[PDB]
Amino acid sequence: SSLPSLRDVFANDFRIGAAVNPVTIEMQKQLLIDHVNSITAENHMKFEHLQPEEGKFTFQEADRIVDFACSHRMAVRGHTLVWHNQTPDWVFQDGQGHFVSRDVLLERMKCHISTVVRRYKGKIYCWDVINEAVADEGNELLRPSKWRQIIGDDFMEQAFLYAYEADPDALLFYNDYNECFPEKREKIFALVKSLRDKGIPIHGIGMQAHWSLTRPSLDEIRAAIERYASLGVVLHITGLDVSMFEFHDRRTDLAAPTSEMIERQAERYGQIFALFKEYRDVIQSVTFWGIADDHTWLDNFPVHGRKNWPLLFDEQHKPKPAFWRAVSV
């Protein structure tokens, strides 16, 4: 009640978002009502949860999310249309189990994008059209996927054009993680630049920001923001969390974060939101991949069965030290 509200603190800087599902909307309803003005479906707008079999569309869970957001004057980011994960096998196969042709996959891609985007047209203001197409390792530009294998390397151009046709007023995003590591940053930059140089309707870059206490550095974050902003795209931070474990740290037995973990996380969030506020002219939305530590995908990724404490509020929905530094930049 004396607590500052995140969306109000950052009212002149960017929207503040949370990834949700119908369960967490109930479990965290007051935090969301008190703090966010944007919502993303954590899972229920992905392909497998919208069209699990060809021509079987299951919008019920996504509808509940959109209804909640609309009834509390919250924006919605749509996540996500074309991704190498969480897409059913049927999409890439024919009746006899072999891979479809380029033309057939483009038909199915267009039908899915058209049906999904048109349903929420005028309620959802932007879409992550392509998720994580850039290779996360190695020297190649693109990660392998059945989308790319079957259609070809222009599969992303087609996806953006299909979504633009379905809702030409939506902001269309390329969304990715490890977006601040320089080698991947340059691949993402080259990819988006090349699409923009062909007049493809890509309006924004989504920086997932699945970050650790140490990585990426503040200078890497600054360099990535400027690198992407130089393309003239809008920037969203789309899945922010600050993991208590580095990538090499696969420990399972930590029952609580240490005092220094909690303090460093507070400092880290303060530094991050200071940098975001500094780039308020190009960052228009900051969405956390959750909202409080009683629900985070980092409990089971990348190590199944442990516990992480990545967000501004604790499991009892109380502000953490990170909250206070974040709102005081």
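Start at 1 and count along the sequence shown; that's the residue number.
Here 59-67 and 300-308 are compared by their mean Cα B-factor, and 300-308 comes out higher. If you average the C-alpha B-factors over 115-123 and over 251-259, the higher value belongs to 251-259.
When the Cα B-factors of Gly78, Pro216, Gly138, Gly239 are read from the PDB record, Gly138 comes out highest. The entry lists C-alpha B-factors for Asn131, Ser212, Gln93, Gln208, and the highest of these is at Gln93. The deposited CA B-factor of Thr24 belongs to the lowest third of values across its chain. When all modelled residues of the chain are sorted by CA temperature factor, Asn43 is found within the lowest third.
In the deposited entry, the Cα temperature factor of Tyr174 sits in the bottom third of values across the chain's modelled residues. For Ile291, the recorded CA temperature factor ranks within the lowest third of the chain's modelled residues. Per-chain ranking of the deposited C-alpha B factor places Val282 in the highest third.
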